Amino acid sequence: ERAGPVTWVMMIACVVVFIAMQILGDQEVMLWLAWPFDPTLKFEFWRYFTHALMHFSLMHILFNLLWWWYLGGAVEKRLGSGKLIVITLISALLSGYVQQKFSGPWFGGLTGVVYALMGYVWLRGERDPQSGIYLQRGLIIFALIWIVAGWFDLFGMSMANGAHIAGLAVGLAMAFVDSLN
């Protein structure tokens, strides 16, 4: 098999934006894609979402897209493109919102979305085995190591932990809902 359309297009888009950032510089791209950083930009609606497409180091984009490929790919294949779209939109909005509230509008990346996917896949598997969706034991360990890395700012460039929690909460909430139904 291969990655579905949403999984694939997100990966492509992030790579393209990362290349633009190397060519033009990070700030030049943030000017266009960052969460609104001035009142004159509040109705540029793409900005509530496009922050998720920007990454600020090789490790940032590499591990984000690895988790996205694996977890997003599984969700899309087993549960449909629509499911992945909604998890992605809600988690990007809410984690972005909490991030800007605590730390300002200059941020970006899929880290909040990955937290949501981790929470979703794990909880869905823990509550509802018959879905085909779950987070294997071994990968729980490595997910935790990735979480710890960001939680303790072990690379200096991490989001607010409140933003992490916000993303995780979206994934857990959606999995809870899907496990009831």
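A residue's number is simply how far along the shown sequence it sits, counting from 1.
Stretches compared: 130-138, 45-53. Higher mean C-alpha B-factor in the entry: 130-138.
The mean C-alpha temperature factor is higher for 21-29 when 21-29 and 162-170 are set side by side. Looking at 36, 112, 150, 119, the one whose CA carries the top B-factor in the deposited record is 150. When all modelled residues of the chain are sorted by CA temperature factor, residue 75 is found within the middle third. Per the PDB record, residue ranking by Cα B-factor puts residue 157 in the highest third of the chain. Residue-level temperature factors show residue 144 in the middle third of its chain, judged at the C-alpha atom.
Among the modelled residues of the chain, residue 88 sits in the lowest third by CA temperature factor in this PDB entry.
Among the modelled residues of its chain, residue 106 has a C-alpha B-factor that falls in the middle third, as given in the PDB entry.
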